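For reference, the chain that follows is the form deposited in one PDB entry, supplied as structure tokens.
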């Protein structure tokens, strides 16, 4: 559908010493995958795409705690397009909280939702996500919005991992399709760390162990 910028399994990303990384993360990473400014540029084209489709009207839906960073930037770029409209265009920002927990037994997925979503009826709703792996967060967000009978529904995600997709709702706007590696930085922390890391990088084993839980 437009797989986004494809970062392939074959020799992925960039060597660490090529970009600016906080010294206190010198050992906590393997490679860098997507430098910040690269995220920005892509996110910019992405906002252009969104307006192509959406815009009757638009309710941008942010997924809380985690997804604020990418939402912020994506919306900054959109606000940027809107400044030139001949009529001022109302956009409404909306929020769901959503947390996940390790399943442990069974397989069974654990999702804890959101609250107050009256502002959804008959509107054009964009779901904004940080990353897609198993597809459950997306699937969860999907049926949740269909529940409030909107007009239109699209999913934007900065990241889509190249993994065993169960079958679902293929995202409409994809920032980057990346290898099956565990990534931190930009929008993805690891137990409260890496927030000051602007780039999407692969966490190392030293990092995982050091940044406990």
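Numbering follows the first chain given and starts at 1. Here the rigid core means the biggest group of C-alpha atoms that line up within 1.5 Å when the two forms are laid on top of each other.
Below: the form deposited in another entry, not depicted.
Here residue 40 does not count as shifted, since its C-alpha moves by less than 2 Å between this form and the one not shown after the core is aligned. Shown in the overlay between this form and the one not shown, fitted on the rigid core, is a CA shift at residue 165 of 2 Å or greater. When two forms of a protein are overlaid on their rigid core, residues whose CA moves 2 Å or more are considered shifted, and residue 17 is one of them between this form and the one not shown. Look at residue 202 and residue 166: in the other form their Cα atoms come 3 Å or more closer than in this form. Relative to this form, residue 168 and residue 150 separate from one another in the other form, with their C-alpha atoms ending up at least 3 Å farther apart.
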